[PDB]
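Asker: See start-v6.cif below, with mmCIF, C-alpha atoms and all ligand atoms.
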```cif
data_final
#
loop_
_atom_site.group_PDB
_atom_site.id
_atom_site.type_symbol
_atom_site.label_atom_id
_atom_site.label_comp_id
_atom_site.auth_asym_id
_atom_site.auth_seq_id
_atom_site.Cartn_x
_atom_site.Cartn_y
_atom_site.Cartn_z
ATOM 1 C CA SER A 1 21.473 18.270 22.649
ATOM 2 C CA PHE A 2 19.506 21.496 22.259
ATOM 3 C CA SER A 3 21.500 24.702 22.655
ATOM 4 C CA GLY A 4 20.708 28.365 22.303
ATOM 5 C CA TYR A 5 16.990 28.329 22.975
ATOM 6 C CA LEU A 6 14.905 30.965 24.708
ATOM 7 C CA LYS A 7 12.802 29.508 27.521
ATOM 8 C CA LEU A 8 9.203 30.689 27.194
ATOM 9 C CA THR A 9 7.562 28.254 29.628
ATOM 10 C CA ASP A 10 8.598 25.236 31.649
ATOM 11 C CA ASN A 11 8.181 23.129 28.490
ATOM 12 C CA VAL A 12 8.163 25.508 25.461
ATOM 13 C CA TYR A 13 11.458 26.728 24.049
ATOM 14 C CA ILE A 14 12.163 28.830 20.978
ATOM 15 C CA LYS A 15 15.197 29.524 18.830
ATOM 16 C CA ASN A 16 15.756 31.422 15.589
ATOM 17 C CA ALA A 17 17.040 28.611 13.377
ATOM 18 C CA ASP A 18 16.318 26.384 10.381
ATOM 19 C CA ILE A 19 14.750 23.089 11.525
ATOM 20 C CA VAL A 20 16.847 20.906 9.192
ATOM 21 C CA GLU A 21 20.132 22.343 10.449
ATOM 22 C CA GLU A 22 19.009 21.943 14.093
ATOM 23 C CA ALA A 23 18.095 18.299 13.548
ATOM 24 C CA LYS A 24 21.689 17.714 12.408
ATOM 25 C CA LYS A 25 23.435 19.508 15.336
ATOM 26 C CA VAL A 26 21.052 18.176 18.000
ATOM 27 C CA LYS A 27 20.396 14.561 16.906
ATOM 28 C CA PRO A 28 16.841 14.652 18.256
ATOM 29 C CA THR A 29 14.681 11.680 19.011
ATOM 30 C CA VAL A 30 11.632 13.334 17.458
ATOM 31 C CA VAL A 31 11.528 15.923 14.674
ATOM 32 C CA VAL A 32 8.040 17.197 13.842
ATOM 33 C CA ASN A 33 7.005 17.604 10.237
ATOM 34 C CA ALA A 34 4.146 19.977 9.424
ATOM 35 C CA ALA A 35 2.316 17.621 7.077
ATOM 36 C CA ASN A 36 -0.849 17.251 5.073
ATOM 37 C CA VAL A 37 -3.186 14.281 5.241
ATOM 38 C CA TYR A 38 -1.650 12.518 2.210
ATOM 39 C CA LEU A 39 1.954 12.995 3.441
ATOM 40 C CA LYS A 40 2.719 14.675 0.107
ATOM 41 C CA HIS A 41 5.681 16.777 1.165
ATOM 42 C CA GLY A 42 5.477 20.179 -0.520
ATOM 43 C CA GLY A 43 7.156 23.505 -0.033
ATOM 44 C CA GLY A 44 7.645 24.270 3.640
ATOM 45 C CA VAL A 45 9.213 22.341 6.459
ATOM 46 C CA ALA A 46 7.932 19.166 4.841
ATOM 47 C CA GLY A 47 9.824 19.866 1.630
ATOM 48 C CA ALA A 48 13.050 20.703 3.438
ATOM 49 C CA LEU A 49 12.961 17.620 5.669
ATOM 50 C CA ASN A 50 12.279 15.472 2.617
ATOM 51 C CA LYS A 51 15.148 17.079 0.666
ATOM 52 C CA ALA A 52 17.587 16.320 3.471
ATOM 53 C CA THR A 53 16.615 12.615 3.428
ATOM 54 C CA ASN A 54 17.165 12.393 -0.338
ATOM 55 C CA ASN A 55 13.431 11.769 -0.845
ATOM 56 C CA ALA A 56 13.362 8.759 1.504
ATOM 57 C CA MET A 57 10.667 10.428 3.636
ATOM 58 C CA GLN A 58 8.420 10.768 0.582
ATOM 59 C CA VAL A 59 8.712 7.105 -0.417
ATOM 60 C CA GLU A 60 8.179 5.885 3.118
ATOM 61 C CA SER A 61 5.246 8.289 3.391
ATOM 62 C CA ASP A 62 3.582 6.926 0.249
ATOM 63 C CA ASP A 63 4.154 3.380 1.492
ATOM 64 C CA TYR A 64 2.521 4.306 4.804
ATOM 65 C CA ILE A 65 -0.338 5.989 2.928
ATOM 66 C CA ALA A 66 -0.800 2.994 0.635
ATOM 67 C CA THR A 67 -1.155 0.632 3.573
ATOM 68 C CA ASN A 68 -3.030 2.884 5.996
ATOM 69 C CA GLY A 69 -4.801 5.587 4.009
ATOM 70 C CA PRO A 70 -4.622 9.307 4.749
ATOM 71 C CA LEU A 71 -4.458 10.967 8.142
ATOM 72 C CA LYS A 72 -7.245 12.940 9.721
ATOM 73 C CA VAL A 73 -6.683 16.655 10.159
ATOM 74 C CA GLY A 74 -5.392 17.152 13.706
ATOM 75 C CA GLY A 75 -3.717 13.720 13.624
ATOM 76 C CA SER A 76 -0.235 12.322 13.348
ATOM 77 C CA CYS A 77 1.846 9.297 12.525
ATOM 78 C CA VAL A 78 5.267 8.168 13.696
ATOM 79 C CA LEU A 79 7.487 7.350 10.753
ATOM 80 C CA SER A 80 11.275 7.212 10.579
ATOM 81 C CA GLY A 81 13.538 10.239 11.007
ATOM 82 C CA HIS A 82 16.185 8.822 8.674
ATOM 83 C CA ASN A 83 19.427 10.851 8.891
ATOM 84 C CA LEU A 84 17.788 13.700 10.828
ATOM 85 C CA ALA A 85 16.327 12.032 13.918
ATOM 86 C CA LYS A 86 15.271 8.711 15.358
ATOM 87 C CA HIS A 87 11.624 9.427 14.565
ATOM 88 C CA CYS A 88 9.624 11.903 12.514
ATOM 89 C CA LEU A 89 6.216 12.830 13.900
ATOM 90 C CA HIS A 90 4.057 13.755 10.947
ATOM 91 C CA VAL A 91 1.396 16.125 12.206
ATOM 92 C CA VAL A 92 -1.397 17.622 10.141
ATOM 93 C CA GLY A 93 -2.514 21.040 11.171
ATOM 94 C CA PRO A 94 -5.620 22.620 9.759
ATOM 95 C CA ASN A 95 -5.241 24.264 6.376
ATOM 96 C CA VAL A 96 -7.139 27.514 6.775
ATOM 97 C CA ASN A 97 -6.527 28.414 3.157
ATOM 98 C CA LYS A 98 -8.801 25.401 2.494
ATOM 99 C CA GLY A 99 -11.520 26.302 4.979
ATOM 100 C CA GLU A 100 -10.472 23.867 7.691
ATOM 101 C CA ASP A 101 -11.351 24.685 11.281
ATOM 102 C CA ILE A 102 -8.612 26.534 13.182
ATOM 103 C CA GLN A 103 -9.741 24.838 16.439
ATOM 104 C CA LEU A 104 -8.170 21.633 15.105
ATOM 105 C CA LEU A 105 -4.834 23.302 15.778
ATOM 106 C CA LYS A 106 -5.345 22.218 19.380
ATOM 107 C CA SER A 107 -5.871 18.624 18.289
ATOM 108 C CA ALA A 108 -2.708 18.856 16.166
ATOM 109 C CA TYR A 109 -0.487 20.000 19.091
ATOM 110 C CA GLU A 110 -1.937 17.398 21.455
ATOM 111 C CA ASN A 111 -0.010 14.733 19.511
ATOM 112 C CA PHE A 112 3.176 16.333 20.915
ATOM 113 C CA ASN A 113 2.213 15.112 24.375
ATOM 114 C CA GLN A 114 2.994 11.503 23.435
ATOM 115 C CA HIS A 115 6.659 12.363 23.105
ATOM 116 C CA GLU A 116 8.923 13.436 25.926
ATOM 117 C CA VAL A 117 10.949 15.813 23.760
ATOM 118 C CA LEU A 118 10.465 17.125 20.247
ATOM 119 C CA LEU A 119 11.957 19.517 17.751
ATOM 120 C CA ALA A 120 9.110 21.180 15.896
ATOM 121 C CA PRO A 121 8.097 24.081 13.671
ATOM 122 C CA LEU A 122 4.944 26.181 14.204
ATOM 123 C CA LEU A 123 2.106 24.090 12.802
ATOM 124 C CA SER A 124 -0.156 25.592 10.123
ATOM 125 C CA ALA A 125 1.708 28.927 10.179
ATOM 126 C CA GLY A 126 3.143 28.943 6.633
ATOM 127 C CA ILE A 127 1.497 27.299 3.659
ATOM 128 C CA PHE A 128 -1.582 26.406 5.719
ATOM 129 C CA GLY A 129 -2.215 30.085 6.477
ATOM 130 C CA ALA A 130 -2.597 30.317 10.229
ATOM 131 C CA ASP A 131 -1.209 33.304 12.145
ATOM 132 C CA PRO A 132 2.155 32.308 13.670
ATOM 133 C CA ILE A 133 1.305 34.106 16.888
ATOM 134 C CA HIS A 134 -1.894 32.166 17.246
ATOM 135 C CA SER A 135 -0.121 28.887 16.501
ATOM 136 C CA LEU A 136 2.417 29.694 19.200
ATOM 137 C CA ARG A 137 -0.380 30.506 21.673
ATOM 138 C CA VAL A 138 -2.043 27.124 21.104
ATOM 139 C CA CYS A 139 1.327 25.432 21.341
ATOM 140 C CA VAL A 140 1.998 27.094 24.678
ATOM 141 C CA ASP A 141 -1.440 26.186 26.097
ATOM 142 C CA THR A 142 -1.688 22.595 24.748
ATOM 143 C CA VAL A 143 1.741 20.990 24.847
ATOM 144 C CA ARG A 144 3.023 19.697 28.190
ATOM 145 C CA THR A 145 6.112 17.794 27.087
ATOM 146 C CA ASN A 146 9.335 19.521 26.106
ATOM 147 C CA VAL A 147 8.959 21.153 22.728
ATOM 148 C CA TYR A 148 11.833 23.013 21.066
ATOM 149 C CA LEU A 149 10.531 25.371 18.366
ATOM 150 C CA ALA A 150 12.649 26.355 15.358
ATOM 151 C CA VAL A 151 11.701 29.634 13.681
ATOM 152 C CA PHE A 152 13.979 30.347 10.755
ATOM 153 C CA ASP A 153 12.915 33.939 10.021
ATOM 154 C CA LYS A 154 14.637 36.328 12.463
ATOM 155 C CA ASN A 155 11.900 38.918 12.043
ATOM 156 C CA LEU A 156 9.161 36.395 12.869
ATOM 157 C CA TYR A 157 11.146 35.196 15.917
ATOM 158 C CA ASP A 158 11.316 38.767 17.200
ATOM 159 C CA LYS A 159 7.610 39.266 16.517
ATOM 160 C CA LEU A 160 6.735 35.990 18.170
ATOM 161 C CA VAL A 161 8.683 36.740 21.339
ATOM 162 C CA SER A 162 7.218 40.233 21.555
ATOM 163 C CA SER A 163 3.748 38.758 21.156
ATOM 164 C CA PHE A 164 4.382 36.237 23.895
ATOM 165 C CA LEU A 165 5.250 38.990 26.374
ATOM 166 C CA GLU A 166 1.604 40.104 26.264
ATOM 167 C CA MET A 167 1.267 37.536 29.078
HETATM 168 N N1 LIG B 201 13.178 25.052 7.048
HETATM 169 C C1 LIG B 201 12.425 25.603 7.994
HETATM 170 N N2 LIG B 201 12.875 25.592 9.266
HETATM 171 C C2 LIG B 201 12.119 26.154 10.220
HETATM 172 N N3 LIG B 201 10.914 26.710 10.127
HETATM 173 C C3 LIG B 201 10.483 26.669 8.858
HETATM 174 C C4 LIG B 201 11.152 26.155 7.769
HETATM 175 N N4 LIG B 201 10.383 26.300 6.622
HETATM 176 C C5 LIG B 201 9.278 26.884 7.029
HETATM 177 N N5 LIG B 201 9.288 27.136 8.384
HETATM 178 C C6 LIG B 201 8.243 27.746 9.185
HETATM 179 O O1 LIG B 201 7.489 26.717 9.785
HETATM 180 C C7 LIG B 201 6.100 27.126 9.886
HETATM 181 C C8 LIG B 201 5.263 26.104 9.148
HETATM 182 O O2 LIG B 201 5.413 26.280 7.713
HETATM 183 P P1 LIG B 201 5.017 25.063 6.743
HETATM 184 O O3 LIG B 201 6.099 24.038 6.711
HETATM 185 O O4 LIG B 201 4.535 25.599 5.435
HETATM 186 O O5 LIG B 201 3.794 24.440 7.556
HETATM 187 P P2 LIG B 201 2.209 24.409 7.349
HETATM 188 O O6 LIG B 201 1.699 25.811 7.288
HETATM 189 O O7 LIG B 201 1.633 23.469 8.356
HETATM 190 O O8 LIG B 201 2.127 23.763 5.889
HETATM 191 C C9 LIG B 201 1.742 22.397 5.656
HETATM 192 C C10 LIG B 201 1.912 22.126 4.179
HETATM 193 O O9 LIG B 201 3.235 22.568 3.793
HETATM 194 C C11 LIG B 201 3.823 21.558 2.999
HETATM 195 O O10 LIG B 201 5.197 21.611 3.071
HETATM 196 C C12 LIG B 201 3.269 20.267 3.606
HETATM 197 O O11 LIG B 201 3.463 19.114 2.822
HETATM 198 C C13 LIG B 201 1.803 20.665 3.720
HETATM 199 O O12 LIG B 201 1.189 20.588 2.440
HETATM 200 C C14 LIG B 201 6.056 28.568 9.352
HETATM 201 O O13 LIG B 201 6.368 29.584 10.292
HETATM 202 C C15 LIG B 201 7.243 28.583 8.390
HETATM 203 O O14 LIG B 201 7.711 29.891 8.151
#
```
Taking this structure as input, can you express it in the form of structure tokens?
Answerer:
Amino acid sequence: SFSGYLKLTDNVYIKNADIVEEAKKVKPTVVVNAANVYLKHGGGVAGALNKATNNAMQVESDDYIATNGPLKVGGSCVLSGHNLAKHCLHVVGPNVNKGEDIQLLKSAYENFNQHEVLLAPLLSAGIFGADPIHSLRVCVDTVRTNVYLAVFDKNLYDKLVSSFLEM
């Protein structure tokens, strides 16, 4: 039950909001975590989602990692959403602070296309060091399902929208 979003394209929507609070008001089927390949949930969206599950995401993640080994950059896995959503799509964007290839951002957003509807942040745009505006551009050009983007910083939201109008 997404409310209050700005329509950017027929399938990309954006709202100035914290992703953990949206998950609670909207009860989404798929919340996207911006993850790293070991599902070690640090200080961004991944930390906040984990906090709200009372660390259940981290245990489940380690269990997944123990069985299956780490993800590839640009990949994903479908774990549980616990009290936030039905499912959590863990997606690993490139970490440009660690020399990974920004082109893999396209591979990262392609995982979204296996889900009809998702609530997501902007992959790689915080701790991983990609430009938010670039991340939004790849999102817009790669994702074909319905993606609802949560941008918690009001100034970044304004910047992002203004950047998108250079269409
Ligand atoms: N609670 C939040 N709600 C909405 N957007 C948020 C929130 N916290 C951060 N963001 C925004 O989401 C985008 C992604 O930030 P990160 O979560 O740091 O994502 P990423 O750059 O992919 O970092 C991946 C890394 O962060 C760790 O938490 C994670 O375990 C991995 O090591 C950025 O614009 C950031 O400002």
Asker: Here's the selection I'm unsure about, the PyMOL selection byres (((not hetatm)) within 7 of (chain B and resi 201)); applied to the file above, which residues does it give, as a VMD selection string?
Answerer: chain A and resid 17 to 20 34 to 36 39 to 48 92 to 93 121 to 130 132 150 to 153
Asker: Could you check the closest approach to residue A:96 for each of A:82, A:148, A:73, A:27 and tell me which residue wins, using all atoms listed in the file?
Answerer: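 With all atoms listed in the file as the atom set, the closest residue is A:73.
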Asker: Would you translate the PyMOL selection byres (((chain A and resi 58) around 12) and not hetatm) into the concrete set of residues it matches in this file, as a ChimeraX atom specification?
Answerer: /A:33,35,38-42,46-57,59-65,79-82,90
Asker: Restricting it to C-alpha atoms, dump the selection as a PDB file, in the coordinates of the input.
Answerer:
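Final file, out.pdb:
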```pdb
ATOM      1  CA  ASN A  33       7.005  17.604  10.237  1.00  0.00           C
ATOM      2  CA  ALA A  35       2.316  17.621   7.077  1.00  0.00           C
ATOM      3  CA  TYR A  38      -1.650  12.518   2.210  1.00  0.00           C
ATOM      4  CA  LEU A  39       1.954  12.995   3.441  1.00  0.00           C
ATOM      5  CA  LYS A  40       2.719  14.675   0.107  1.00  0.00           C
ATOM      6  CA  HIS A  41       5.681  16.777   1.165  1.00  0.00           C
ATOM      7  CA  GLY A  42       5.477  20.179  -0.520  1.00  0.00           C
ATOM      8  CA  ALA A  46       7.932  19.166   4.841  1.00  0.00           C
ATOM      9  CA  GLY A  47       9.824  19.866   1.630  1.00  0.00           C
ATOM     10  CA  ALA A  48      13.050  20.703   3.438  1.00  0.00           C
ATOM     11  CA  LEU A  49      12.961  17.620   5.669  1.00  0.00           C
ATOM     12  CA  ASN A  50      12.279  15.472   2.617  1.00  0.00           C
ATOM     13  CA  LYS A  51      15.148  17.079   0.666  1.00  0.00           C
ATOM     14  CA  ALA A  52      17.587  16.320   3.471  1.00  0.00           C
ATOM     15  CA  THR A  53      16.615  12.615   3.428  1.00  0.00           C
ATOM     16  CA  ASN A  54      17.165  12.393  -0.338  1.00  0.00           C
ATOM     17  CA  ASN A  55      13.431  11.769  -0.845  1.00  0.00           C
ATOM     18  CA  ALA A  56      13.362   8.759   1.504  1.00  0.00           C
ATOM     19  CA  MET A  57      10.667  10.428   3.636  1.00  0.00           C
ATOM     20  CA  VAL A  59       8.712   7.105  -0.417  1.00  0.00           C
ATOM     21  CA  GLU A  60       8.179   5.885   3.118  1.00  0.00           C
ATOM     22  CA  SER A  61       5.246   8.289   3.391  1.00  0.00           C
ATOM     23  CA  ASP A  62       3.582   6.926   0.249  1.00  0.00           C
ATOM     24  CA  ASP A  63       4.154   3.380   1.492  1.00  0.00           C
ATOM     25  CA  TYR A  64       2.521   4.306   4.804  1.00  0.00           C
ATOM     26  CA  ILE A  65      -0.338   5.989   2.928  1.00  0.00           C
ATOM     27  CA  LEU A  79       7.487   7.350  10.753  1.00  0.00           C
ATOM     28  CA  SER A  80      11.275   7.212  10.579  1.00  0.00           C
ATOM     29  CA  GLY A  81      13.538  10.239  11.007  1.00  0.00           C
ATOM     30  CA  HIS A  82      16.185   8.822   8.674  1.00  0.00           C
ATOM     31  CA  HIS A  90       4.057  13.755  10.947  1.00  0.00           C
TER      32      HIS A  90
END
```
Asker: Where does the PyMOL selection byres (((chain A and resi 109-115) around 7) and not hetatm) land in this file, that is, which residues does it pick, as a list in words?
Answerer: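 Applying the expression gives residues 76, 105, 106, 107, 108, 116, 117, 118, 139, 142, 143, 144 and 145 of chain A.
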Asker: Counting only C-alpha atoms, what is within 8 Å of residue A:160, bar same-chain residues fewer than 4 positions away, as a CSV table (one decimal) with C-alpha atoms, in the coordinates of the input?
Answerer:
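The new file around-v3.csv reads:
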```
chain,number,residue,atom,x,y,z
A,132,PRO,CA,2.2,32.3,13.7
A,133,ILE,CA,1.3,34.1,16.9
A,136,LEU,CA,2.4,29.7,19.2
A,156,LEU,CA,9.2,36.4,12.9
A,164,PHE,CA,4.4,36.2,23.9
```
Asker: Nearest to residue A:3 among A:23, A:104, A:30, A:138, with distances taken over only C-alpha atoms: which residue is it?
Answerer: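 For residue A:3, the nearest of the candidates is A:23.
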Asker: How many Å lie between atom CA of residue A:74 and atom CA of residue A:86, rounded to one decimal?
Answerer: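 Straight-line distance from atom CA of residue A:74 to atom CA of residue A:86 works out to 22.4 Å.
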Asker: Kindly give the distance, in Å, that separates atom CA of residue A:5 and atom CA of residue A:165, rounded to a single decimal.
Answerer: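 Interatomic distance, atom CA of residue A:5 to atom CA of residue A:165: 16.2 Å.
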Asker: What is the distance, in Å and to one decimal place, between atom CA of residue A:102 and atom CA of residue A:137?
Answerer: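 Separation between atom CA of residue A:102 and atom CA of residue A:137: 12.5 Å.
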Asker: Would you please work out which residue, of A:11, A:141, A:131, A:146, is nearest to residue A:159 when using only C-alpha atoms?
Answerer: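 Closest residue, counting only C-alpha atoms: A:131.
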Asker: Nearest to residue A:77: which of A:37, A:100, A:95, A:149 is it, counting all atoms listed in the file?
Answerer: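 Smallest distance to residue A:77 is found for A:37.
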Asker: Enclose stretch 47-57 of chain A, meaning all of its atoms listed in the file, in a box aligned along x, y and z, pad it by 8 Å on each side, and list the centre and edge lengths in Å to one decimal, as JSON.
Answerer:
```
{"center_x": 13.7, "center_y": 14.7, "center_z": 2.4, "size_x": 23.8, "size_y": 27.9, "size_z": 22.5}
```
Asker: Where atoms are missing, can you supply N, CA and C atoms for stretch 82-112 of chain A and output the lot as a CSV table (one decimal), in the coordinates of the input?
Answerer:
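Saved to part30.csv:
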```csv
chain,number,residue,atom,x,y,z
A,82,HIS,N,15.1,9.0,9.6
A,82,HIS,CA,16.2,8.8,8.7
A,82,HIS,C,17.5,9.4,9.3
A,83,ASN,N,18.2,10.3,8.5
A,83,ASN,CA,19.4,10.9,8.9
A,83,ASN,C,19.3,12.1,9.8
A,84,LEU,N,18.1,12.5,10.0
A,84,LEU,CA,17.8,13.7,10.8
A,84,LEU,C,17.5,13.4,12.3
A,85,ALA,N,16.8,12.3,12.6
A,85,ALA,CA,16.3,12.0,13.9
A,85,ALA,C,16.0,10.6,14.0
A,86,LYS,N,15.8,10.1,15.2
A,86,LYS,CA,15.3,8.7,15.4
A,86,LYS,C,13.9,8.6,14.7
A,87,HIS,N,13.0,9.5,15.0
A,87,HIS,CA,11.6,9.4,14.6
A,87,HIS,C,11.2,10.8,14.0
A,88,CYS,N,10.3,10.7,13.0
A,88,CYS,CA,9.6,11.9,12.5
A,88,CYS,C,8.1,11.8,12.8
A,89,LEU,N,7.6,12.8,13.6
A,89,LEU,CA,6.2,12.8,13.9
A,89,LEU,C,5.5,13.7,12.8
A,90,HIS,N,4.8,13.0,12.0
A,90,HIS,CA,4.1,13.8,10.9
A,90,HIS,C,2.8,14.3,11.6
A,91,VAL,N,2.6,15.6,11.6
A,91,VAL,CA,1.4,16.1,12.2
A,91,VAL,C,0.7,17.0,11.2
A,92,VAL,N,-0.6,16.9,11.1
A,92,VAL,CA,-1.4,17.6,10.1
A,92,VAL,C,-2.2,18.7,10.9
A,93,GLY,N,-1.8,19.9,10.7
A,93,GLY,CA,-2.5,21.0,11.2
A,93,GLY,C,-3.6,21.4,10.2
A,94,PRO,N,-4.6,22.2,10.7
A,94,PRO,CA,-5.6,22.6,9.8
A,94,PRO,C,-5.0,23.5,8.7
A,95,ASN,N,-5.6,23.4,7.5
A,95,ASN,CA,-5.2,24.3,6.4
A,95,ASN,C,-6.3,25.3,6.2
A,96,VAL,N,-6.1,26.5,6.8
A,96,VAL,CA,-7.1,27.5,6.8
A,96,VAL,C,-7.3,28.1,5.4
A,97,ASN,N,-6.3,28.0,4.5
A,97,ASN,CA,-6.5,28.4,3.2
A,97,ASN,C,-7.5,27.5,2.5
A,98,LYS,N,-7.8,26.3,3.0
A,98,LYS,CA,-8.8,25.4,2.5
A,98,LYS,C,-10.0,25.3,3.4
A,99,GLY,N,-10.3,26.3,4.2
A,99,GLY,CA,-11.5,26.3,5.0
A,99,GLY,C,-11.5,25.4,6.2
A,100,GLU,N,-10.4,24.8,6.5
A,100,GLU,CA,-10.5,23.9,7.7
A,100,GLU,C,-10.5,24.7,9.0
A,101,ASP,N,-11.0,24.0,10.0
A,101,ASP,CA,-11.4,24.7,11.3
A,101,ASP,C,-10.1,25.0,12.1
A,102,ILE,N,-9.8,26.2,12.4
A,102,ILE,CA,-8.6,26.5,13.2
A,102,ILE,C,-8.6,25.8,14.6
A,103,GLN,N,-9.7,25.5,15.1
A,103,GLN,CA,-9.7,24.8,16.4
A,103,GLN,C,-9.0,23.5,16.4
A,104,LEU,N,-8.9,22.9,15.2
A,104,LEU,CA,-8.2,21.6,15.1
A,104,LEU,C,-6.7,21.8,15.4
A,105,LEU,N,-6.2,23.1,15.4
A,105,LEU,CA,-4.8,23.3,15.8
A,105,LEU,C,-4.6,22.8,17.2
A,106,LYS,N,-5.6,22.8,18.1
A,106,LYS,CA,-5.3,22.2,19.4
A,106,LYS,C,-5.2,20.7,19.3
A,107,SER,N,-6.0,20.1,18.5
A,107,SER,CA,-5.9,18.6,18.3
A,107,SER,C,-4.5,18.3,17.7
A,108,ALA,N,-4.0,19.1,16.8
A,108,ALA,CA,-2.7,18.9,16.2
A,108,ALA,C,-1.6,18.9,17.2
A,109,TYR,N,-1.6,19.9,18.1
A,109,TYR,CA,-0.5,20.0,19.1
A,109,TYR,C,-0.6,19.0,20.2
A,110,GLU,N,-1.8,18.4,20.4
A,110,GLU,CA,-1.9,17.4,21.5
A,110,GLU,C,-1.1,16.2,21.1
A,111,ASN,N,-0.9,15.9,19.8
A,111,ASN,CA,0.0,14.7,19.5
A,111,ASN,C,1.4,14.9,20.1
A,112,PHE,N,1.9,16.1,20.3
A,112,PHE,CA,3.2,16.3,20.9
A,112,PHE,C,3.3,15.7,22.3
```
